[PDB]
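Peer 1: Here it is, the structure, as structure tokens.
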RNA sequence: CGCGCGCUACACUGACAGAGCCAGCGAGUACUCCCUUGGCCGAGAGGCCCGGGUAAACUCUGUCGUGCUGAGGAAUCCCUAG
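Protein chains in written order, with our numbering: chain V, 379 to 570; chain A, -11 to 114; chain Y, 666 to 714; chain U, 14 to 36; chain H, 22 to 203.
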């Protein structure tokens, strides 16, 4: 060792996020959303010093766990606080792996694919939705569901983020972001 | 007549020196070891050059880091920049030149902010 | 009156006027320090009446 | 009660008279 | 230092005090006191938040706060008004004693005279007058008389240069009313 | 009285308690928040002594568990990388 703990030396081989979960066997389930949801470059914790607002379509190259963090610092998490958001991502992924025994990052990526809407309503006209907007609206409805259901209850944003991300990965009729996808698509069907 | 390399690292205001000499594997940051600095949730970002480059590249050197200024985050980026530049610089001057270029390739294929710090100016749009 | 707090060029001074009404009556006045140092009454400080 | 508001409007009005006379 | 004058002055103080029962005081007004050195004893005579030094802090552990961690609790003026009521007594070692009044010197070392006692009270205030707390109010005049005797002898040993005629006055004191003679 | 603007107050992102760990501008023999019940030394004027009124944050670890202990209508306004 140079100086490294037993957990890190224990998993020193590939790249693991939160030193537990590799990227090397996770898969998109939308060829539309594949080139934007980033599993290509490997990153260890979501905290990184990347400028993904220099010009458009950089945030289709930043990693999506950093996008779930960055969306988790909104007004319900008091915008300056970053390490609060990667801590909620940590406890949420642990609650996913203990509730699920599946790879929690695959739970999150299939959650995002299963949550972003494909048709919306131009405010009436009904248009197809961009895939970058599909990723953005996906992540925003996920964290919005996490806060709006973890608002007054004892259940923390860790637990509720993990429940919306698991049920979002299932595509169930329980999850807030699934319900908003079906409501927006329902309005686009009714209007056209 | 020793094998000594001085190296800096930067962020917003955190500046860090690191001296890398012929040693036996230790990295000590302000006296305390590297696995003890920078409160727990960012030590993966401390370790990122180590488990890119492999500890076998580090089992012959000693890295001594002093960090001043900035907040916690900027001290972390200053440390990891000083680690990466320290080993690239030691392998520049003492072991062969091929291994430098291989280490620069590994660090640059990961993230160039481990070597070149790009401080932000502002954008007065036209 | 007596300098109460001393900043660089301003100074809160005291023990001279009794009320903010009196300050407002003299709120542009040429005040002077016996070092030969001129000055101007600017505005009534609120809580130390 | 609602006499302090009368004290503040009369006080600030008297300050307006004294400052206009002063300037 | 006659005990007839001590018990007579204590009985005249208890008779001067009339209508809880607050603590009596004792006063020593010395003369020719250029006390600019450390010639006065900055320590003791006769629920604790024990201030302390380095890792006999952690080897030690009322609340044994260290000489580093005291600066936050007293630098916070909201918390400097907290420890003055919750902790009953204070006691410091060498470096904590020599660095306490520059940190807690506003909310602690000014009014209540609740400063520490020495480890590994009497305070100078280097003009010629000094004072100290006497004791209880249900206490006896012989008890406070003997306490005033031993405290007068030890304090005169801290002001040894005459020890009998250095005091231009040496009197008892009522707490809040007009004080008394001796 | 009216229109605002700054500031305070209002909870899960709680409260309590420890442990740990970080800035940059800041140096004119200059700077004190009160006003006092008392007492000393005071012929007299004052100086004394004693009472009344180098960061926040952040990290980590432990105790309680939504408990008047509830974030602001219409509107109109601003804002695109440190």
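By construction, the Cβ of each residue, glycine as well, lies at the ideal position given by its N, Cα and C atoms.
#1: I'd like the list of long-range same chain contacts for residue 517 of chain V, defined as Cβ closer than 7 Å, with 5 residues on each side in sequence excluded.
#2: Taking only three categories from DSSP, how would you classify residue 419 of chain V?
#3: Tell me the DSSP bridge mates of residue 400 of chain V?
#4: Do you know whose CA, among A:12, A:85, A:104, lies nearest residue 43 of chain A's CA?
#5: Mind listing the chain A neighbours of residue 383 of chain V? Cutoff is C-beta to C-beta under 7 Å, in chain order.
#6: Do the segment 53 to 64 of chain A and the segment -10 to 0 of chain A make contact, defined as three or more Cβ pairs closer than 8 Å?
#7: Counting only beta-carbon atoms, is residue 543 of chain V nearer than 7 Å to chain A?
#8: What does the alpha-carbon distance come out to for the pair residue 54 of chain A and residue 17 of chain A?
#9: Would a C-beta distance cut-off of 7 Å place residue 37 of chain A and residue 71 of chain A closer than the cut-off?
#10: Which residues bound the alpha helix (DSSP H) around residue 139 of chain H?
#11: Would you kindly work out how many angstroms separate the C-alpha atoms of residue 714 of chain Y and residue 690 of chain Y, rounded to a whole number?
#12: Could you check where the alpha helix (DSSP H) with residue 4 of chain A kicks off and where it finishes?
#13: Shorter than 7 Å from the beta carbon of residue 402 of chain V to some beta carbon of chain A?
#14: Three or more C-beta pairs closer than 8 Å, one from the segment 48 to 60 of chain H and one from the segment 117 to 132 of chain H: is that the case here?
#15: Under a three-way DSSP split, which group does residue 95 of chain A fall into?
#16: In angstroms, rounded to a whole number, what distance separates the CA positions of residue 90 of chain A and residue 103 of chain A?
#17: Does the distance from the CB of residue 6 of chain A to the CB of residue 66 of chain A come in under 7 Å?
#18: I'd like to know whether the C-beta of residue 43 of chain A is nearer than 7 Å to at least one C-beta of chain V.
#19: Residue 480 of chain V and residue 442 of chain V - do their beta-carbons sit closer together than 7 Å?
#20: Rounding to the nearest angstrom, what Cα-Cα distance links residue 572 of chain V and residue 94 of chain A in this structure?
#21: What does residue 499 of chain V pair with, by DSSP beta-bridge criteria?
#22: Please report the straight-line C-alpha distance between residue 395 of chain V and residue 103 of chain H, rounded to a whole angstrom.
#23: Does DSSP classify residue 60 of chain H as helix, strand or coil?
#24: Mind pulling the chain U residues with CB within less than 7 Å of residue 690 of chain Y?
#25: Taking 7 Å as the threshold (beta carbon to beta carbon), is residue 461 of chain V in contact with chain A?
#26: Indicate the three-state DSSP secondary structure (helix, strand or coil) for residue 379 of chain V in the structure shown.
#27: Note the first and the last residue of the continuous alpha helix (DSSP H) segment covering residue 49 of chain H.
#28: Can you list, in chain order, the residues of its chain with a C-beta nearer than 7 Å to that of residue 138 of chain H? Leave out the 5 residues immediately preceding and following it.
#29: Determine the chain U residues that contact residue 710 of chain Y at a beta-carbon separation under 9 Å, and present them in chain order.
#30: Using a Cβ-Cβ distance cut-off of 7 Å, determine whether residue 46 of chain A contacts chain V.
#31: Can you tell me the Cβ-Cβ gap for residue 114 of chain H and residue 74 of chain H, rounded? I've got them flagged as a contact below 8 Å.
#32: Cβ of residue 95 of chain A less than 7 Å from any chain V Cβ?
#33: If you follow the alpha helix (DSSP H) that residue 95 of chain H is in, where does it begin and where does it stop?
#34: DSSP three-state call for residue 77 of chain H: helix, strand or coil?
#35: Using three-state DSSP, classify residue 171 of chain H as helix, strand or coil.
#36: In whole angstroms, give me the CA-to-CA distance for residue 20 of chain U and residue 678 of chain Y.
Peer 2: This is what the structure gives:
#1: Numbered from 1 along the first chain, position 139 holds the residue referred to as residue 517 of chain V. 445, 446, 449, 490, listed in sequence order.
#2: Looking up residue 419 of chain V in the first chain gives position 41. The answer is coil: DSSP assigns residue 419 of chain V none of H, G, I, E or B.
#3: Taking the first chain and counting its residues from 1, one reaches residue 400 of chain V at position 22. Note: residue 400 of chain V sits in a beta bridge opposite V:394.
#4: On the second chain, position 55 is the one that residue 43 of chain A refers to. Checking every option, the nearest Cα to that of residue 43 of chain A belongs to A:12.
#5: Here residue 383 of chain V is taken as the residue at index 5 of the first chain, counted from 1. What residue 383 of chain V touches in chain A: 23.
#6: yes
#7: Looking up residue 543 of chain V in the first chain gives position 165. Chain A contact via Cβ: absent.
#8: As a first step, residue 54 of chain A is located in the second chain; it is residue number 66 there, counting from the start. As a first step, residue 17 of chain A is located in the second chain; it is residue number 29 there, counting from the start. Roughly 6 Å between the two C-alpha positions.
#9: Here residue 37 of chain A refers to the residue found at position 49 of the second chain. Here residue 71 of chain A refers to the residue found at position 83 of the second chain. In this structure, residue 71 of chain A lies closer than 7 Å to residue 37 of chain A by Cβ.
#10: For the purposes of this step, residue 139 of chain H is taken as the residue at position 118 of the fifth chain. Here residue 139 of chain H belongs to no alpha helix (DSSP H), and DSSP marks it neither H nor E.
#11: In the third chain, counting from the first residue as 1, residue 714 of chain Y sits at position 49. In the third chain, counting from the first residue as 1, residue 690 of chain Y sits at position 25. Approximately 14 Å, taken between the alpha carbons.
#12: Mapped onto the second chain, residue 4 of chain A falls at position 16. Careful: residue 4 of chain A lies outside any alpha helix (DSSP H), inside the beta strand (DSSP E) at 3 to 10.
#13: As a first step, residue 402 of chain V must be located in the first chain, where it is residue number 24. Closer than 7 Å: no.
#14: no
#15: Within the second chain, numbered from 1, the residue matching residue 95 of chain A stands at position 107. Correct three-state label for residue 95 of chain A: helix.
#16: On the second chain, position 102 is the one that residue 90 of chain A refers to. On the second chain, position 115 is the one that residue 103 of chain A refers to. Near 14 Å, if we compare the C-alpha coordinates of residue 103 of chain A and residue 90 of chain A.
#17: Residue 6 of chain A sits at position 18 when you count from the first residue of the second chain. Residue 66 of chain A sits at position 78 when you count from the first residue of the second chain. No, they are not a contact pair.
#18: Indexing the second chain from 1 puts residue 43 of chain A at position 55. Taking Cβ atoms only, chain V reaches closer than 7 Å to residue 43 of chain A, which makes this a yes.
#19: Locating residue 442 of chain V in the first chain gives position 64, counting from the first residue. Locating residue 480 of chain V in the first chain gives position 102, counting from the first residue. Not a contact, by the Cβ cut-off of 7 Å.
#20: It is not possible to answer for residue 572 of chain V, since the shown part of chain V is limited to 379 through 570.
#21: Numbered from its first residue, the first chain carries residue 499 of chain V at position 121. BP columns for residue 499 of chain V point to V:504.
#22: Residue mapping note: residue 395 of chain V aligns to position 17 of the first chain, counting from 1. Residue mapping note: residue 103 of chain H aligns to position 82 of the fifth chain, counting from 1. Roughly 45 Å between the two C-alpha positions.
#23: Numbered from 1 along the fifth chain, position 39 holds the residue referred to as residue 60 of chain H. Three-state DSSP puts residue 60 of chain H in coil, outside helix and strand.
#24: Your numbering for residue 690 of chain Y matches position 25 in the third chain. The contacting residues are 31, 35.
#25: Here the question's residue 461 of chain V lines up with position 83 in the first chain. By this cut-off, residue 461 of chain V is an interface position.
#26: As a first step, residue 379 of chain V is located in the first chain; it is residue number 1 there, counting from the start. Coil.
#27: For the purposes of this step, residue 49 of chain H is identified with residue 28 of the fifth chain, where counting begins at 1. Premise fails: residue 49 of chain H lies in the beta strand (DSSP E), 46 to 51, not in any alpha helix (DSSP H).
#28: Position 117 of the fifth chain, counting from 1, holds the residue named residue 138 of chain H. Excluding residues within five positions, the ones whose Cβ falls inside 7 Å are 64, 65, 112.
#29: Numbered from its first residue, the third chain carries residue 710 of chain Y at position 45. Correct list: empty, because the minimum Cβ distance to chain U is about 14 Å.
#30: Taking the first residue of the second chain as position 1, residue 46 of chain A is located at position 58. Output row for residue 46 of chain A: interface = yes.
#31: Residue mapping note: residue 114 of chain H aligns to position 93 of the fifth chain, counting from 1. Residue mapping note: residue 74 of chain H aligns to position 53 of the fifth chain, counting from 1. That belief holds up - the Cβ atoms of residue 114 of chain H and residue 74 of chain H are roughly 5 Å apart, short of 8 Å.
#32: For the purposes of this step, residue 95 of chain A is identified with residue 107 of the second chain, where counting begins at 1. For residue 95 of chain A, the answer is no, since every Cβ of chain V falls outside 7 Å of its Cβ.
#33: Reading the fifth chain from its first residue, position 74 is the one you call residue 95 of chain H. Unbroken alpha helix (DSSP H) run through residue 95 of chain H: 91 to 96.
#34: Your numbering for residue 77 of chain H matches position 56 in the fifth chain. Three-state DSSP puts residue 77 of chain H in coil, outside helix and strand.
#35: If you number the fifth chain from 1, residue 171 of chain H lands on position 150. Residue state, collapsed to three classes: helix.
#36: For the purposes of this step, residue 20 of chain U is identified with residue 7 of the fourth chain, where counting begins at 1. For the purposes of this step, residue 678 of chain Y is identified with residue 13 of the third chain, where counting begins at 1. One C-alpha to the other measures close to 26 Å.
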